Every structure is written in structure tokens, then in C-alpha cells.
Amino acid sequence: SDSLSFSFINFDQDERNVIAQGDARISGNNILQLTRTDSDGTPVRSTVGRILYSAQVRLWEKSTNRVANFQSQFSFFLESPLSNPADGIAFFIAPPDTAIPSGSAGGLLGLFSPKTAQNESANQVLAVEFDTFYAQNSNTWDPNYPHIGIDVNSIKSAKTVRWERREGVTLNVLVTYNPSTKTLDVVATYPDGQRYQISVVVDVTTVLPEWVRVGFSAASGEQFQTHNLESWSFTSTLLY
């Protein structure tokens, strides 16, 4: 597999190329609802939901030293009745058999396990998070404000940019990886043009195995919010 690209303008309830994990569901409105809701559609506590595209991505090839670029465009919105809505949605890359880690329903966003969430040598996850909950005595790894973060085998982001949550408002996001500069880029924009940028230098060949899957994860612990992905398009090309 030298390249893979796909696009979801919206989500089909009869979608064939998605792996749904945990509470992830596609609504009759063609929205992917990651975290669980009750019978009235209200977000609930202690829920994790993830999707992965079924086709695997060859992110790099050790035997010829090729490394893939990639680009992921998506838009999402969050809804909650709470003052401190939690926990956040993330675009992430992980090994093809990745499953929801134990104890990940909360600040670990469905991506990490508590005893190893800050130990990079125990993880294989590259993620772009949209973190809404940052209480310093529980989400201790976080900056003390909502943020967009790039996670490199740790729930403690290698870099963050301050971010404003907007109840029910769609955020459009472009994540790009340039192999030649080993730069992972993140641009996020609200409908009014309000923008957020963040980037890090990361060598994916030391962070992830050669074959990966790509997708999204969201979680709520004691505090909750819905995490609604509306669209997603991805592209990756393996290059010398």
C-alpha cells in the first residue's frame, strides 16, 4: 500500500470501512457520535468511543527508509449542559489492532492507560487532541486551560495551544505531517475565522510501527459532553 485516501462528507449508518469501538455510533442524522448518550440524547459519564478506518496505512518502511506524509481534515462539535464539559475528542494514529485502553474513560481520552499515560516507551499513539477538561488536581498533565494538543506517546502533550470551546459550534481542523521536515501541523478554525495553530517536530518512525490505522477517539469521565464528528477526509502517501 503506497497510498490511501478517503473522505466522509457525512457518515453513513451502513458504512462498511469503519471499525467502531466502545460507544461509537453513527446517528440517523449521519453524525458519528463517539461518546455515549442516554435515551434523550444527553451526554453521560464514563464513556469511550473510537473509530478507525478499516484499511491500514503504511506509515513508514524500515527496509527502504520510506516515510509517508499524511493529511487529515475533519470537523466536529461538542455539546454539554455542564460548566466543565469533558473530556475531549482526538484524531489519532495507533497500531492496527489498537483497542480502547483500560481506564481511559476520562482525561486519557480513550487513548492511554493510567499507569503508563506519561511513559512514552510504553505507548504507541500519535494524537491531536481537543481537550476541554483541565482541572489541575486530576488532569495534572494538562495546562490550566482548554487547549489543542499534539500527543506523542503521552497524554501530556508535547505542545499545546490555548483553545476556546464553543458550545455546539463546528470546529474545522487540518492536520498534516511533512516527512521531510518531520513536522506535524495543526490548524483549527471556527466559523467566524477564529483560528488556532500548533505544531511539533516528531519522527513518526520512533513513535509508531510501520503499519497503522487512523481515526478518532473521545471520552468522558465524571464530567461529560457529546463528541460529534461531522466529516473526515484523509490522505497518506508513502515516499522515499
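A residue's number is simply how far along the shown sequence it sits, counting from 1.
- When the two stretches 227-235 and 7-15 are set side by side, the higher mean Cα temperature factor goes to 7-15.
- As recorded in the PDB entry, 174-182 is the stretch of 207-215 and 174-182 with the greater mean C-alpha temperature factor.
- The entry assigns its greatest Cα B factor, within the set 138, 132, 154, 72, to 138.
- Of the candidates 48, 200, 51, 55, it is 200 whose Cα B-factor is highest according to the PDB record.
- For residue 158, the recorded CA temperature factor ranks within the middle third of the chain's modelled residues.
- When the CA B factors of the chain's modelled residues are split into thirds, the value for residue 118 lands in the lowest one.
- When all modelled residues of the chain are sorted by CA temperature factor, residue 168 is found within the highest third.
- In the deposited entry, the Cα temperature factor of residue 82 sits in the middle third of values across the chain's modelled residues.
- Per-chain ranking of the deposited C-alpha B factor places residue 100 in the middle third.
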